[PDB]
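See below for the structure under consideration.
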Amino acid sequence: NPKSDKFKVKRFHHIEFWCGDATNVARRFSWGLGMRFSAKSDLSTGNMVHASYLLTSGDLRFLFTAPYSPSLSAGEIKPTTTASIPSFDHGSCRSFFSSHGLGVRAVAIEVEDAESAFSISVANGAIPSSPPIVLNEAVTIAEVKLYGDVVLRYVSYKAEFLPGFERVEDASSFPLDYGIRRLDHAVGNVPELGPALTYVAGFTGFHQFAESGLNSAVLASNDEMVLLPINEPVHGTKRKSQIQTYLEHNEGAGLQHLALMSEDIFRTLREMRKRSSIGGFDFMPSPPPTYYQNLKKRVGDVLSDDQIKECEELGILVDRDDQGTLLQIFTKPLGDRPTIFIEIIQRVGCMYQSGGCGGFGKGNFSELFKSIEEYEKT
Amino acid sequence: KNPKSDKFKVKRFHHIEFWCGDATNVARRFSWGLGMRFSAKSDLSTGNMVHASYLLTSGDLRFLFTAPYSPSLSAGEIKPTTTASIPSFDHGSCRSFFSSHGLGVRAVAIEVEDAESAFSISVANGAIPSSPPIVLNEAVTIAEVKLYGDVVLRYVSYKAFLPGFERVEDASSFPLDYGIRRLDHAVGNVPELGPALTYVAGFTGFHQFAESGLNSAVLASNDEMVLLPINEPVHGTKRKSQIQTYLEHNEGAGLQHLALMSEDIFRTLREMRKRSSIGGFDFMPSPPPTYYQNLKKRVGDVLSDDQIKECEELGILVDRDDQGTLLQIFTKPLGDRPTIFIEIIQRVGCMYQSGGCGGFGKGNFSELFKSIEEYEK
Ligand SMILES: Cc1c(C(=O)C2=C(O)CCCC2=O)ccc2c1C(=O)N(Cc1ccc(C#N)cc1)CC(=O)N2C
Ligand SMILES: Cc1c(C(=O)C2=C(O)CCCC2=O)ccc2c1C(=O)N(Cc1ccc(C#N)cc1)CC(=O)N2C
Ligand SMILES: [Co+2]
Ligand SMILES: [Co+2]
């Protein structure tokens with residue numbers, strides 16, 4: 001932890017999906033994850049350009065944007081636009097979606113100064129995507145390129161999401177909550193890790209944090225509350241690499257998965273599993289019971305025997321660090337393309353609680369293989 | 001006067017196809033918001049490299065949701081070797097349709113007894129073809145002519161869902177059911193009614209069935225079970241027509257609303273309004289109480305005092321025919337644009353029921369302003 005950040009970062013701010021129709025994705029995600037409609041920006045708020053809806057659960061902010069017809073905004077140019085998020089662009093958005101499907105366009109981090117952060121990033125090698133723009137003399141926004149067509153976004157405050165969003169009338173946004181509270185890491189899939197790590201730790205000063213189809217490294221902020229792992233494929237293997245399958249169906253580099261921190265992963269999983277076949281997110285097939293017998297041998301000090309039996313009801317995977325213990329599970333893909341998916345996380349130990357306590361689960365690749373071959377022979 | 005002039009044999013509505021950016025998310029939203037089962041699929045998991053297509057069903061109502069993959073996936077596929085289950089599909093036409101109109105209905109699909117002859121007769125009677133007949137396996141034939149806008153009227157026929165779909169695996173298949181049972185009418189908006197009603201009646205032989213800013217007429221098959229109303233705008237000088245607003249945000253003509261018949265509209269509305277703000281569909285703001293104080297005067301012989309009470313709690317609208325009575329309600333738009341919406345209906349009268357029983361609600365245009373004036377006082 002050299003604390004080598006070239007500017008000051010203070011946690012994730014929001015994840016932005018670009019969609020064909022934003023109403024329907026946001027309503028599916030709302031119900032599937034227990035997130036509340038909190039802010040809107042569309043025709044009803046005087047936006048002729050895009051429709052945008054903010055979901056929030058705790059500190060997690062999911063935003064969903066689709067474009068209107070360009071005719072609607074035909075008498076506007078870029079400085080005269082009615083758009084509340086002025087880095088938007090019809091042709092980029094339709095291009096992004098036609099190429100990659102539904103997915104993440106913007107990983108947005110809060111920084112002390114966005115203007116600064118943009119200047120310091122390009123001067124250390126970052127490809128600019130959107131210059132610094134300020135909203136109603138309060139919030140500043142900027143975009144540099146991250147990987148694929150996914151930008152890293154800088155929100156800064158001078159002195160209720162962004163200006164020109166309206167707070168959502170509480171008679172249409174029902175208090176939903178299944179326990180999700182934070183974005184914990186955002187991960188990207190790429191063809192060559194070396195080049196992507198070199199470029200991205202270059203313009204941020206993020207440090208590196210402490211096969212079965214992939215190689216992976218994590219980039220971290222000074223306090224290690226922003227975590228950005230990146231994977232590449234390992235080819236020729238017995239099975240074909242899931243990383244490789246992503247890149248094919250995504251047409252290149254992109255955001256693989258988002259990991260959401262739960263203040264009670266068992267509450268979250270129950271609520272989510274309850275709604276899988278009625279509009280929410282399905283889950284990966286749960287591991288065999290041999291994986292859970294082996295659990296007492298590796299985490300029996302951390303989890304009681306009943307809690308282990310409740311992991312097994314829910315299909316939870318468990319891995320352990322030098323510092324803490326990780327509880328994790330993975331959804332099936334969120335969209336039509338086998339590309340992006342969600343992972344639900346609770347961390348245990350390392351006490352605020354440090355970021356990364358428990359790792360990221362890599363030990364669970366090997367573990368499963370073993371547990372599935374022990375099961376298939378008895 | 002039902003002149004029974006169908007230029008070919010027509011059974012009932014078969015399904016509706018939406019074209020979307022992401023099939024998965026639309027279908028799960030609609031399933032939950034409407035009470036429809038996940039019952040069939042065609043996608044990568046079943047060998048379709050071209051499009052994803054998911055099918056929700058409630059009774060005889062079938063909603064299909066379809067989106068395109070990256071073309072890279074099927075680049076060495078020609079039409080004879082296609083893994084597409086719906087051969088009229090076309091990456092360009094979908095992506096084009098969707099950026100011009102957003103989320104919307106591409107295919108109103110009626111089931112015929114022979115689709116090759118339905119297509120031929122239609123095209124021999126003014127129908128502009130969109131897809132000439134393709135034979136799937138050797139069980140089902142499909143053909144598409146132009147309807148209005150980029151919406152096609154699709155002909156399905158059977159010798160005895162579609163080949164290449166699989167049944168949904170029970171675990172993923174939740175038997176949801178809020179009471180909806182079939183599609184009752186399908187309505188388009190066009191800028192000129194006259195050309196559109198001539199074109200469509202010309203190649204079908206459908207017959208006519210018999211201001212607030214719109215003009216419309218209704219085409220129907222011989223038994224009047226397929227119903228096709230069409231609205232045009234009445235442009236004037238007092239208010240901007242709502243039909244014109246549709247045309248602008250849709251970028252021209254398309255399908256305005258689907259009318260979904262419930263076997264028990266009170267139950268359906270109950271379950272839909274429970275889910276409105278947790279993933280489902282909102283509804284248009286409800287009429288003023290003066291509208292419901294006036295209900296017993298007009299249908300006090302059809303609905304009990306208790307059942308009028310339940311209309312008002314659910315915000316339902318009532319209209320009366322020369323022959324029957326109609327319960328109806330309208331959602332807000334299904335997607336980002338102020339274009340397509342859904343209407344839930346149930347008809348009472350005309351005893352098997354005969355189609356269009358009770359009309360289509362035109363009485364409620366003046367019934368509503370009449371109540372808006374009274375509520376003020
Ligand atoms: C992605 C992932 C991570 C993960 O978090 C990640 C990082 O955070 C940085 C370190 C490197 C890395 O791998 C950790 C464990 C993991 C997966 C995983 O992916 N799958 C398969 C899997 C297939 C298909 C879908 C879908 N849809 C989801 C997961 C299977 C599995 O057994 N385990 C245990
Ligand atoms: C469309 C429609 C029909 C309808 O079904 C139809 C046919 O079946 C064929 C004959 C003519 C026709 O109009 C019947 C009644 C009706 C509407 C209607 O549309 N709206 C406004 C309305 C605005 C915005 C939205 C939205 N979003 C939905 C409805 C308002 C209203 O008071 N009433 C009473
Ligand atoms: Co992870
Ligand atoms: Co109607």
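Overview of values
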quantity: Mean projected area in nm² (Cα convex hull; one quarter of hull surface) for the protein assembly as shown; calculated: 36.4 nm²
quantity: Dimensionless Rg over Rh [chain A; C-alpha; Kirkwood]; calculated: 0.96
quantity: Dipole in debye (nearest 20) - the stretch A:1-159, about Cα centre, beta carbon charges: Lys, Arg +1; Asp, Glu -1; calculated: 380 debye
quantity: Under 19 Å from A:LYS158, Cα to Cα: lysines that are on another chain or at least 8 residues apart; calculated: A:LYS8, A:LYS10
quantity: Listed pairs B:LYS297/B:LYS377; A:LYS274/A:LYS296; B:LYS240/B:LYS297; A:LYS362/B:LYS41; A:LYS274/A:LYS332 exceeding 23 Å between Cα atoms; calculated: A:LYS274/A:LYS296; B:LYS240/B:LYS297; A:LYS362/B:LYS41
quantity: Semi-axis lengths (Å, descending) of the ellipsoid that matches the C-alpha gyration tensor of the stretch B:180-376; calculated: 26, 21, 18
quantity: Global form of the stretch B:175-248, assessed from the alpha-carbon gyration tensor, a/c cut-off 1.5; calculated: oblate
quantity: Per-residue Cβ neighbour rank within 10 angstrom, fewest leading, B:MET351, B:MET261; calculated: B:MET351, B:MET261
quantity: Estimated dipole of the stretch A:158-283 in Debye, rounded to 20 [Cβ of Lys and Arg +1, of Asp and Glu -1, Cα centre]; calculated: 420 debye
quantity: Convex hull projection area averaged over all views, the stretch B:10-172, Cα basis, nm²; calculated: 9.8 nm²
quantity: Average beta carbon contacts from partner chains per residue of A:14-25, 10 Å cutoff; calculated: 6
quantity: Average partner coverage of B:100-106, which counts Cβ from other chains inside 10 Å; calculated: 3
quantity: Test item: B:169-175 mean partner chain Cβ contacts at 10 Å; calculated: 2
quantity: Rg [Å, one decimal], Dmax [Å, integer] - the stretch B:281-358, C-alpha atoms; calculated: 13.8, 41
quantity: Ellipsoid semi-axes in whole angstrom, largest first, where each is sqrt(5λ) of the Cα gyration tensor of the stretch B:247-296; calculated: 25, 18, 13
quantity: Dipole magnitude (debye, nearest 20) for the protein assembly as shown, charges at Cβ of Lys, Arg, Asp, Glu; calculated: 320 debye
quantity: Estimated 222 nm signal from helices in the protein assembly as shown, with DSSP H stretches of n ≥ 4 weighted -39500 (n - 2.57), rounded to 500; calculated: -8000 deg cm²/dmol
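All Cβ positions, even for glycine, are placed from backbone atoms using ideal geometry, and neighbour counts span all protein chains on display. Just so you know, all these numbers are worked out from the coordinates, no wet-lab data involved.
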